[PDB]
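Alright, two takes on the same chain below, each alone as structure tokens: structure 1 and structure 2.
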Structure 1
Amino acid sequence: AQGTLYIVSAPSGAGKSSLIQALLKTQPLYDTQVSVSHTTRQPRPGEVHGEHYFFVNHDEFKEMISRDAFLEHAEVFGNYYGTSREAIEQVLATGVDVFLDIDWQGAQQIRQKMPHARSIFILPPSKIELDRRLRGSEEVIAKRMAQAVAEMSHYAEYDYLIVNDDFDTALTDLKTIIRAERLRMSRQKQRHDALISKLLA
């Protein structure tokens, strides 16, 4: 069958990464996966290539754009990020649900090419709290806070909203959406094709 494509977006400091990482730890590669994006930003201490991202240089990323290799690409917080079309179409083909961690610009592009992709937006519990999480120079902090408020402007465009106040709760909300989507008729009629045959035949 075909897996469902998920778009997950959020301002930095909403917990989106840890939520997605905690999610994957409970799902087998044959059911759920996160997509491997291409980026120009430097790998982070303890972040292997090809796994988290495909780290390429500014020129290398620019030649992929010409090659129309991207399903979408955008400039985010000083670097280029894009979704290799090959991987996404192949993984979805084997029936796997693929998670695309992307900013709102990328989300618009995908909604335009894959109308059935589902989008989830994640909001922090409050401004103060969003601020406390960001801090973890006041000039760089204000820069992240400005980008974070802009990103949140586009929340109403997504199908789902998870307010990540209490971590565990938001992690369950994220699991709950995945499961409810696999309970939809279209996917269930396929997964239980046999049984349905037996019951009506």
Structure 2
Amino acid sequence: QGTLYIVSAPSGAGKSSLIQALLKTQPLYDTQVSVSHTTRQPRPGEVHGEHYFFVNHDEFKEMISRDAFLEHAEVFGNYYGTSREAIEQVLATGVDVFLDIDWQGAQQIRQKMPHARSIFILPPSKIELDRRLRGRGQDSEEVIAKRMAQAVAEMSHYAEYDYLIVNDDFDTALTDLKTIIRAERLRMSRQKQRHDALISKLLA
């Protein structure tokens, strides 16, 4: 019923913000963000099943052994992963899910979910990507150069995705994202289900 949207981009393409901006304007019965499993400890305020599903390292490795993840990775001595079951339960409710992930996990997901759509977001020029990576302007030139090399390595994978948004002006990019989602919702397999009663009435 719902569509899984894999969203990736180098730092500096405004990806995280674009997704957050999307959730602020769509009801949870239409659009939700993926909730990942993690082995890190819950922090104050976090809720299991809401900010993350919190498991311990053995549970996570056990899950991995039963191939329970669409993707997982170890990051700073903690594992993070996207549970297949969790994603399917939400999609089965007709909700579209946005799964922000690097190109590696995006490749893992696509292998298990051929129907997942994926969107890559790019910065609009080398100069603007460099400006956005510099943020407040407080990092050393070498740290920035490593951020740029990392962004370039991420962007080299752009052709593996189904859609490309060049985020120059934020609101233009965000309209682009909403356009993708709206168009996918005008597709016949979703529309004939959504308008099932109406079509039956029109043809009777």
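Here, a residue number simply tells you its place in the sequence of structure 1, counted from 1. Between two forms, the rigid core is defined as the largest C-alpha subset superposing within 1.5 Å.
Superposed on the rigid core, the two forms differ between the two structures by 2 Å or more at the C-alpha of one listed residue only; from 165, 60, 159, 31 that residue is 60. When the larger rigid part is held fixed by C-alpha fitting, the smaller one turns through 29 degrees between the two structures. The shift recorded for the CA atom of residue 45 between the two structures is 11.4 Å, with superposition on the rigid core. We note a C-alpha movement of 0.5 Å at residue 19 between the two structures, with the rigid core held in register.
Core-based superposition between the two structures puts the Cα shift at residue 79 at 6.8 Å.
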